[PDB]
Number of protein chains: 2
Amino acid sequence: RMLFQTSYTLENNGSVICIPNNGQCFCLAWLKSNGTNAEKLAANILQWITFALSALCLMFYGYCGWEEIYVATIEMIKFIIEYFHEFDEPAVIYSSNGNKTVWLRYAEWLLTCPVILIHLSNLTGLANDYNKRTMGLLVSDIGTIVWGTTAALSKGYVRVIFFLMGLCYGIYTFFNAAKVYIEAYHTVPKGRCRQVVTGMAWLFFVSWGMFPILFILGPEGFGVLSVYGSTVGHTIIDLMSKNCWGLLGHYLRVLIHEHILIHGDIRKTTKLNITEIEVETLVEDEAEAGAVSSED
Amino acid sequence: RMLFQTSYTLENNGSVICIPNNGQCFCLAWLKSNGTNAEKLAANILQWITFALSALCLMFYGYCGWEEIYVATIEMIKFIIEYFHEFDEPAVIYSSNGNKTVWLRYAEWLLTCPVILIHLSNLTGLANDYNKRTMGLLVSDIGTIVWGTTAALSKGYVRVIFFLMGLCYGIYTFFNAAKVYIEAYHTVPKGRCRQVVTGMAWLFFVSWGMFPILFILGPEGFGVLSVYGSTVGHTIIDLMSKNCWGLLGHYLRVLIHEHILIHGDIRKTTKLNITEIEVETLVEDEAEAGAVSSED
Ligand SMILES: *[C@@H]1O[C@H](CO)[C@@H](O[C@@H]2O[C@H](CO)[C@@H](O)[C@H](O)[C@H]2NC(C)=O)[C@H](O)[C@H]1NC(C)=O
Ligand SMILES: *[C@@H]1O[C@H](CO)[C@@H](O[C@@H]2O[C@H](CO)[C@@H](O)[C@H](O)[C@H]2NC(C)=O)[C@H](O)[C@H]1NC(C)=O
Ligand SMILES: CCCCCCCC/C=C/CCCCCCCC(=O)OC[C@H](O)CO
Ligand SMILES: CCCCCCCC/C=C/CCCCCCCC(=O)OC[C@H](O)CO
Ligand SMILES: *C\C=C(C)/C=C/C=C(C)/C=C/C1=C(C)CCCC1(C)C
Ligand SMILES: *C\C=C(C)/C=C/C=C(C)/C=C/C1=C(C)CCCC1(C)C
C-alpha cells in the first residue's frame, strides 16, 4: 500500500539489488517497520479520542474566541488525513538519505504557532493591543520549528547543528512566555481566574517542553522510539497542547468577560519587579483602583 | 557528488535496474539534470550579487531596526549553505514520489515572515503597539507557506488542493497588507516619507505576487522552469523581497525619527473611509493638529 517500490530480488549473493524499471523510487531504509501492532493499536485509539475531543471542543465553542476554534479546526483536518493517508507522502516524507520525516506534524505546528502565541498574548481577551514581546515570541518560535524541521530532514553533524539552533531560539521563546504568564496572573481577578491561568502555565511548559524530548527520542534523533511509538507520544502531548489548553483558555476568557458584565473593568497598577514591570489588576471592588508596587 | 546512488546497470533489455547493495537510496527521478550550464552560470552570479548586497546592507545598518538586519542575516547564512551544499539534502529534499523540494527556500520564508510582517505593522518605527490586523496577517501568511510546502512535497490532485488552500490564505494576507500600507501612507509626513511608503508598497505586492507565479512555473508545478531557471528567478525577486525592501524600510524609519528630532511628534486625526477608519497624521506644522475626515 506504499507508492514506492516495495518488491525486489537480491542478486550476486545479496551484493546487487534488482528492481523493476517501473519508474518507482527505491530505498531499503524506507521499508524498516513502523513498529509493533500493539504500538499501532494504541496509536489508532488515542487518534480517535483526539478526533472526539477536537469535535466536542468545536461544537462547545459554537454556543473573540477565534484562536481556540482554529486549533481544534486544524486538529480535525489533521485526523481526516491521518485516517486515510497517515504514512503516504507527503504526510510522511521518505527522502534520499533514507529519513522518514512526519511533515504532517511540523505543518500543523507552523500553522497554529501564531494562533497559540497570539492567544498567549491575549489570555483575558480584553486587550486590542499586543506589546513588542508578542512579536519576539512569534519570530523565535517559527525559527525553532524551521531549524527543527531542517534537523529532522538532515543527518549526522548537520542534524546536530540545526537542533542546537532550534534549542537557542526555543530558550528565547520559553523565557519570554514565562514573563507573559507572570503578567497574566497579576492582571486577572484574585479568585478562580488565577487558578485557571496557573493551570494553563503548567499545561503550556510541560506540553511544549516534551516536544524537543520526543524529537531526541524519535526516528529524527536516536531512534529510541519507533514510528507508532512516536505517534502515541505525540497524541498524548497533542491532547494537552491543543484541545485542553484552548478549552482552559476559553474558560478563562468566559470568566474574565463575565467579570466585566457584573463588576465592570476595574483596573489597578500592580508595579512588579520580578526589573520594574507594571500590570493592570482587574478587581471586584470599585474602591481598589490604585498603584500597588509589589516588588518580587 | 550526490549522496544517493547515481551508478546503475540496465538488465533484461532495460526492464530491470540493478544497483549495488551499498544501502544508498535510488530513484531515476532524482537524476534528471538541474538545467543548462548557462542557467547555472547566471544563477551563481546573481547569488554572489545577493551575498554582496546582503553584506553591504548589514554593515550599513551597523552605523529599533531589528527586522531589517535579521532578514539580511538569514540571507547571508542562506548563501554560505548554497555555496557549499545547494543541491545536498536537506537544502533540496529528494523524496519517495520522485519530487525535488527546495526546503532551503521555504525554511528562510517561514523564519523571516514574522520579521517582515512585524516590520509591515511598524513602518514608522514609532508604534509600541500592534493592532488585531497584524495578528491575522501572521496567521494567514504562515498557513500560506505551510500549505504551499505541503503542495511542493505532494503530486496530482493532492498538490492541487494544498496550492488552492495556500491561495485562499494568501488572498487574506494580500487584502489586509493593502489596508496597512493605506494607513502607513496617511500616517507619515506629507513629503519624502510618502514617496518611500509608496515605493515599499510597489516592491511588496510585485515581489510577493511573483512567488505563487514561480511556484506554478517551477518543478513544484508544471515544470516549465528547470531547477537553475527557478534559482535565477528566485535570486531576482529575493533581492527585491528582502535586501531592497528592508533598505527602503530603514530609510523610511530614519526619515520618520529625524522628523521627531526636528518638528516633534505632531499627530492629526485623518478619518479615512476607504469603512470609517482613523489615522494619526504626523505633520511638520504645530498649528495642524485636528480631525481631517478625508472619506475615500
Ligand atoms: C555470501 O554471503 C554470505 C552471507 O550470509 C556469506 O556467509 C557468511 O560469511 C561471512 C564471511 O564474510 C561470515 O562472517 C558468516 O558467518 C557466514 N555465514 C552466515 C550464515 O552469515 C558467504 O561467505 C558469501 N559467499 C561468497 C562466495 O562470497
Ligand atoms: C527491447 O527494447 C527495445 C527498446 O529500444 C525494443 O526496441 C524497439 O521496440 C519497440 C516495440 O515495442 C518499437 O516501438 C521501437 O521502435 C523499437 N526500436 C527502438 C530503437 O526503440 C525491443 O523490441 C525490445 N526487445 C525485446 C526482445 O523485447
Ligand atoms: C526551555 C525548554 C526545555 C526543554 C529543552 C530541551 C533540552 C534538550 C537538549 C538536549 C541536548 C542533547 C543533544 C541533542 C542534539 C540533537 C542532535 C543529535 O541527536 O545528533 C545526532 C548525532 O550527531 C549522530 O548520530
Ligand atoms: C493576491 C496575490 C496575487 C497572486 C495570486 C496568484 C494566482 C495563481 C492562481 C493560479 C491558478 C491555476 C492553478 C494552480 C494550482 C496548482 C496545482 C497544479 O499545478 O496541479 C497539478 C495537476 O493537477 C497535475 O499535473
Ligand atoms: C500543535 C501544537 C504545538 C503546541 C506544537 C509545538 C511544538 C514545539 C514546541 C516544538 C519544539 C521544538 C523545539 C523546542 C526544539 C527542537 C525542534 C522542535 C520544533 C521539536
Ligand atoms: C524571503 C522573503 C519572502 C518575502 C518570501 C515570500 C514567499 C511567499 C510570498 C510565498 C507565497 C506563496 C503563495 C502566495 C501561494 C503558493 C505557495 C507560496 C508559499 C509559494
Side-chain angles (χ1 to χ4, degrees), chain A residues 67 113-114 116-131 133-144 168-189 191-206 208-209 245 248-249 252-253 255-257 259-260 263-272 277-285 287-296, chain B residues 65-67 70 114-115 118 121-122 124-131 134-135 138 265:
Chain A
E67 41 265 87
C113 133
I116 297 164
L117 296 194
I118 283 154
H119 189 184
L120 186 51
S121 311
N122 207 28
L123 274 189
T124 71
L126 300 187
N128 311 301
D129 327 302
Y130 304 87
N131 53 15
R133 193 198 278 124
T134 307
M135 292 337 183
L137 270 176
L138 298 171
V139 168
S140 63
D141 182 60
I142 290 155
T144 299
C168 298
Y169 274 65
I171 290 151
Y172 187 95
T173 310
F174 280 107
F175 186 73
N176 280 282
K179 303 204 208 101
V180 172
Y181 273 112
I182 288 168
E183 292 198 21
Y185 182 83
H186 292 96
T187 297
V188 304
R192 181 187 289 191
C193 295
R194 294 191 181 206
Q195 284 156 224
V196 168
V197 166
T198 286
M200 293 182 76
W202 267 90
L203 266 185
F204 181 86
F205 287 115
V206 168
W208 282 53
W245 192 88
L248 262 196
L252 177 59
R253 256 135 190 258
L255 292 173
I256 308 286
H257 116 273
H259 204 262
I260 323 286
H263 315 278
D265 198 73
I266 317 165
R267 302 289 206 158
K268 269 209 289 101
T269 354
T270 302
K271 330 183 16 104
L272 302 162
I277 5 174
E278 225 105 327
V279 122
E280 285 251 280
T281 309
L282 300 139
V283 257
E284 21 266 293
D285 351 78
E288 295 198 30
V292 196
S293 199
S294 309
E295 301 101 352
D296 345 81
Chain B
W66 71 263
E67 41 265 87
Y70 189 81
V115 191
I118 283 154
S121 311
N122 207 28
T124 71
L126 300 187
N128 311 301
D129 327 302
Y130 304 87
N131 53 15
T134 307
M135 292 337 183
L138 298 171
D265 198 73

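Chain letters run A, B, ... following the sequence lines, proteins first and then strands; every chain starts at 1. Reckoned from all heavy atoms, side chains included, excluding hydrogens, waters and symmetry mates.
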Aromatic ring pairing A/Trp208/A/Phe174, orientation class (parallel under 30°, perpendicular over 60°, tilted between): perpendicular

Step-by-step side-chain contact (heavy atoms from CB on, under 4.5 Å) determination, A/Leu282 to A/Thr187: CA-CA 6 Å; A/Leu282 300 139; A/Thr187 297; 4.3 Å; yes

Heavy-atom side-chain proximity of A/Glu183 to A/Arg133 below 4.5 angstrom: yes

Shortest non-hydrogen separation from A/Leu138 to A/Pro114 and the atoms involved: CD2-CA, 3.7 Å

Exercise: identify the closest heavy-atom pair between A/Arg194 and A/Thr281: NH2-CG2, 3.5 Å

Side chain proximity check, A/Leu252 to A/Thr124, heavy atoms < 4.5 angstrom: no

Chi angles and distances behind the side-chain contact (heavy atoms from CB on, under 4.5 Å) call for A/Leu248, A/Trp202: CA-CA 11 Å; A/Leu248 262 196; A/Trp202 267 90; over 6 Å; no

A/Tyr130 to A/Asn122 - nearest heavy-atom pair and separation: OH-ND2, 3.9 Å

A/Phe175 atom CZ, neighbour heavy-atom count above 12 within 6.0 Å: no

Results of side chain to side chain donor-acceptor pair (under 3.5 Å) for A/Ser140 - residues two or more places apart only: A/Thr173

A/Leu255: partners by side-chain contact (heavy atoms from CB on, under 4.5 Å), with sequence neighbours left out: A/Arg192, A/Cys193, A/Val196, A/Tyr251

Reported CD1-to-CD1 distance for the pair A/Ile260 and A/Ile266, which is rounded to 0.5 angstrom: 8.5 Å

Student check: side-chain heavy atoms of A/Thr134 and B/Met135 closer than 4.5 Å: yes

Side-chain heavy-atom pair A/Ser293, A/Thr269 within 4.5 angstrom cut-off: no

A/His263 and A/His259 aromatic ring geometry - parallel, tilted or perpendicular at 30°/60° bounds: tilted

Exercise: identify the closest heavy-atom pair between A/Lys268 and A/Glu288: CE-OE1, 3.8 Å

Qualifying residues under side chain to side chain donor-acceptor pair (under 3.5 Å), relative to A/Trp245, sequence neighbours excluded: A/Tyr181

Closest non-hydrogen atom pair between A/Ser121 and A/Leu117, with its separation: OG-O, 2.8 Å

Within-4.5 Å side-chain heavy-atom neighbours: A/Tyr169 and A/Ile142: no

Heavy-atom closest contact (A/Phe204 atom, A/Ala177 atom, distance): CE2-CB, 3.7 Å

Side-chain donor-acceptor contact under 3.5 Å, A/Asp141 with A/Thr144: no

Derivation of the side-chain contact (heavy atoms from CB on, under 4.5 Å) call for A/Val188 and A/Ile256: CA-CA 7 Å; A/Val188 304; A/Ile256 308 286; 3.6 Å; yes

